[PDB]
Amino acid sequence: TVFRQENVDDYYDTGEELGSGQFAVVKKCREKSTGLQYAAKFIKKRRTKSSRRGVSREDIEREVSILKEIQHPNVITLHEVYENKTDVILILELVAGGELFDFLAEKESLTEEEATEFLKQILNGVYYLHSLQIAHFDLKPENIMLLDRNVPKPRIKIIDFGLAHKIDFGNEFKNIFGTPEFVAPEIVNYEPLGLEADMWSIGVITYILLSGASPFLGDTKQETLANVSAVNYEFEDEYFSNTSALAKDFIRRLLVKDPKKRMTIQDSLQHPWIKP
C-alpha cells in the first residue's frame, strides 16, 4: 500500500517533540487547512532488505492497517499517512496530557479508586481491541496517554500500535517481543501468542498502579525475563498491607503462566473488583 508522497511540511507545521524511540520520533503538529492539532509520528524506513535498522515495510503497513480500523474513546486514532524515501509519517490524534508513566512518577502510588478509574478505561479499550481480534502486545504505562492530567479523573488513550497484530487463528507465531517487565511468559518462551498476553500485561500494570513497584523487575533484562517465566512475584506487605484482598485477587488471576487459565478481557470486566 502506498501513502501520500507530498511533503508533509506543505500541509502541516511541526512544533515540540512529544516522544522519541529507537525507530520513531513524535512531534506536535498543526494542519494548515483546519488549524487542528495532531501528533506526527515519523517512523524510519529500512534502507535495505537485509538491514536491521529501520522498520520493515510489512511492519509499517500492519500498524497502519490496524490503526485505520479503530475508533474508540480509549484508543488513539489515525488521521492521515504520508511517506517519503526515509520515513512513513503517521498523523495521529494528539493526546496532550502526557504518559501514565510520568503521572505515576508524580504521585508515587494510587488509591484503589484512582487505580480502578484508570484501569476501567484501559479494560474498555482492550475490550474493544480484543473484540476486533487485535492483540496490542506492548501494553505498559508509557503507552497509556492522558487527555488532560490536571483533572481529578483523567481520561486515557492507548497508543503505540507498533507491535499490534490481528489474531484471526487464535494465536500468531512471529517475531514479537516487547519490554521485559511487561511481557507474558509465552513471549519470553517464544511460544504462540494470542490475546491472553495483553491480559498478563494488564496484571503487571495493575500491580504497579497500586504499589509503585514493578513485580518481576530484576537488575538486568535477562533476570527480569527469567522472573517472568517463573512467575516470580509476590505482594510485598510494605506496599500492599492496606490494599484490598479483592484487588490482589484480580492481579493473581491475570499473572497466571498458562494463558488458557488466565482471565480474559470479558472475565476482567465481570470480576467483583471491577464490576459495578
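So that the term is clear: the rigid core is the largest set of C-alpha atoms that superpose within 1.5 Å between two forms. Sequential numbering from 1, following the sequence displayed.
Novice: Give, as the answer, the stretch of 163-171 and 119-127 that departs more from the shown form in 8 other deposited structures of this protein; the measure is RMS Cα distance after a core fit.
Specialist: Clearly, after the core fit, the stretch farther away in 8 other deposited structures of this protein is 163-171.
Novice: Between 175-183 and 68-76, where do the CA atoms move more in 8 other deposited structures of this protein, taking the root mean square over the structures and residues after a core fit?
Specialist: Once the core is superposed, the stretch further away in 8 other deposited structures of this protein is 175-183.
Novice: Among the other compared PDB entries, is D148 dropped in a third or more?
Specialist: Per the records, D148 is modelled in all the other entries.
Novice: Tell whether, across the other compared PDB entries, at least a third have no coordinates for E108.
Specialist: Looking at the other entries that model residues on either side of it, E108 is missing from at least a third.
Novice: Please compare 39-47 with 247-255 and name the stretch with the higher mean C-alpha B-factor in the deposited structure.
Specialist: The stretch with the larger mean CA B-factor is 39-47.
Novice: Taking the recorded C-alpha temperature factors, which stretch has the higher mean, 205-213 or 30-38?
Specialist: Mean CA B-factor is higher for 30-38.
Novice: By the CA temperature factor listed in this entry, which of these ranks top: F169, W200, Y128, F137?
Specialist: That would be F169.
Novice: Based on what the PDB entry reports, which of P141, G178, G162, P73 has the top C-alpha B-factor?
Specialist: Within the set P141, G178, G162, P73, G178 shows the top C-alpha B-factor.
Novice: Select lowest, middle or highest to describe the third in which the CA B-factor of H79 falls within its chain in this entry.
Specialist: According to the entry, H79 has a C-alpha B-factor in the chain's lowest third.
Novice: Lowest, middle or highest third: where is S65 by C-alpha B factor in its chain?
Specialist: It falls in the middle third of the chain.
Novice: Taking the chain's C-alpha temperature factors as the reference, tell me which third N124 falls into: lowest, middle or highest.
Specialist: It belongs to the lowest third of the chain when residues are ordered by C-alpha B-factor.
Novice: Is the Cα B-factor recorded for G194 in the lowest, middle or highest third of its chain?
Specialist: As the PDB entry reports it, the C-alpha B-factor of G194 lands in the middle third of its chain.
Novice: Considering every modelled residue of the chain and its Cα B-factor in the PDB entry, is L147 in the lowest, middle or highest third?
Specialist: Highest third of the chain for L147's C-alpha B-factor.
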